[PDB]
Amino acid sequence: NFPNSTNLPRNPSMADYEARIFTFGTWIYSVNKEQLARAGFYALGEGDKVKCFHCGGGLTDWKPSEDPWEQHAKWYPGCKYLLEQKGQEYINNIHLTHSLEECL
């Protein structure tokens, strides 16, 4: 499925931080569930797979160093929830950093 780039959330049942935080339960995985939920993510129940409530973007195989907001921006740069919370400048920094990380 294509990512949602409108200002309307794909999963409004998951729009509230507390609804998202409940989806995780006991979380054994390397990224903090609070940090994931704050970045718009809720758990699927399939390992560490999370999905953004707004763009619907899905992310698996989280590494212990990784920032949910940065990953959100790397893979789902069209997310309007990301844009609202972070600003296009944060988003561009992240992309520049990512694109420069591979070049080096």
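Take the two forms, superpose them, and find the largest set of C-alpha atoms that agree within 1.5 Å; that set is the rigid core. Quick note: we count residues from 1 along the sequence shown, nothing fancier.
Taking the root mean square of CA deviations in 6 other deposited structures of this protein after fitting on the rigid core, 24 to 32 and 49 to 57 differ, and the farther of the two is 24 to 32. In this entry, the higher average B-factor at the C-alpha atoms falls on 58 to 66, of the pair 71 to 79 and 58 to 66.
Between 4 to 12 and 95 to 103, the higher mean Cα B-factor belongs to 95 to 103. Ranked against the other modelled residues of its chain, the C-alpha B-factor of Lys51 as given in the entry falls in the lowest third. When the modelled residues of the chain are ordered by their C-alpha B factor, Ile28 lands in the highest third.
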